[PDB]
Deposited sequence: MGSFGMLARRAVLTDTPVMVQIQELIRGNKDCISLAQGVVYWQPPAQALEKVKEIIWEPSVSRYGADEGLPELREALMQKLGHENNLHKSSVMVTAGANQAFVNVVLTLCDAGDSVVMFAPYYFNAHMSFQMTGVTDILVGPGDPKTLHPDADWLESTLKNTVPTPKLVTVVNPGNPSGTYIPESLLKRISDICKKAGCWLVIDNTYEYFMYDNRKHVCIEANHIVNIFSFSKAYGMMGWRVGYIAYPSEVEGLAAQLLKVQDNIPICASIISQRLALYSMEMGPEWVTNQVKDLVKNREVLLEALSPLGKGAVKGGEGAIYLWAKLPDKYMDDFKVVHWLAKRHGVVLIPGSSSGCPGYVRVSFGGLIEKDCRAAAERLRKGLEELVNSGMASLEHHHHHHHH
């Protein structure tokens, strides 16, 4: 077996981060009507269904205020991230993530022979990525890291990146001449009127997913909004895209398009029903102490520190009848992740999360 992957890292449920709702019935209804079209069974353009790309172009402009980005539909945001790594990183290059980091992004770097991953700290009080650390790291790391990855709002932190902070990291990356890769999988999942914002530049690539917003997890559709004016970028993405998925499933792309037509409010109105899921689980995490739990700013995650000697999450998780996610996988051992987006007021039976000590 190969060097590169062998050293790549490996009851009510509160584990995998999903939503409980299905895609829009009216969008599913439109899909029902087109299954016999021959185009649905044929290869589509690698870049995605033209109608879908166009709907996404309009969405990026009017919802995210992006006007200089092109779209490539991918078979998921996870495959979209792989496209970017293979296009923006060489094996042996260095990259920067922030703790706690998105687990699959970490593995995806390693998997493609990018093993020098510099994991920076977040503000101890808010878990927001330390921009001072990054700016100093980029100045003092030789050779300069090729790209920086952040998730806004965060997985697993459940915290978001303020507009001011987001632009500073962007500015830091611009002088240093490296890429900024922002995963917007949870853009529609904001709480307490906190604002998700998107920014663009010839050194910024944004990644999105339909999986959580529209409950289309099993359908596997996501997309890349990349700078239109960066020479040869589109061509490299085409190369990686043709080799891995060729194209996203046509029927999945159709559903994405039809789900989109409901509008953003279809999603955010359902996110509101999750606020009560949060409050229940936050009070269920009371035995841990007063400032032990963070997050609840965005996405669907709560980030909690287990007792000081319990730095071994796997044993704590196995000993629990509720399923949590070990925080060590995100680079922070001794912590644990709680997802409140996947249950329908069966979340209170999930509040059987004993935490006896």
Ranges missing from the model, given as deposited sequence positions:
1-12, 23-31, 342-345, 383-404
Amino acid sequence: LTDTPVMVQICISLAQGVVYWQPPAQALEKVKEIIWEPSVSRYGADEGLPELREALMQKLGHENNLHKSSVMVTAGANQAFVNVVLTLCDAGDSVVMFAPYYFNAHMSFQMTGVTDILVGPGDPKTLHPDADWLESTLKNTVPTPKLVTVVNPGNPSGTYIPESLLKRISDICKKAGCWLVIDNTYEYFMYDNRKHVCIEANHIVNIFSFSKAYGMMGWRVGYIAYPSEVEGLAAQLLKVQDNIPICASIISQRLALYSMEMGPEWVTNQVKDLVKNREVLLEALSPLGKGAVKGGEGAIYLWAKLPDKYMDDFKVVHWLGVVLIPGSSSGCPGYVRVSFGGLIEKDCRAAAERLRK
From here on, numbers count along this sequence of modelled residues.
Select between 335-343 and 17-25 the stretch whose C-alpha atoms have the higher average B-factor in the entry.
335-343
With B-factors read from the PDB entry, the higher C-alpha mean of 289-297 and 37-45 is in 289-297
Go through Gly263, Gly76, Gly158, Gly120 one by one and give the residue whose Cα B-factor in the PDB entry is largest.
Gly120
If you check the C-alpha B-factor for each of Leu180, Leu237, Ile244, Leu166 in the entry, which is highest?
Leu166
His67 by Cα B-factor - lowest, middle or highest third of the modelled chain
middle
On the chain's distribution of Cα B-factors, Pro143 falls within the third called highest
Is the Cα B-factor recorded for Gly222 in the lowest, middle or highest third of its chain?
lowest
Here the Cα B-factor of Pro162, set against its chain, lands in the third termed middle
Considering only modelled residues of the same chain, in which third does the CA B-factor of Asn269 rank: lowest, middle or highest?
lowest
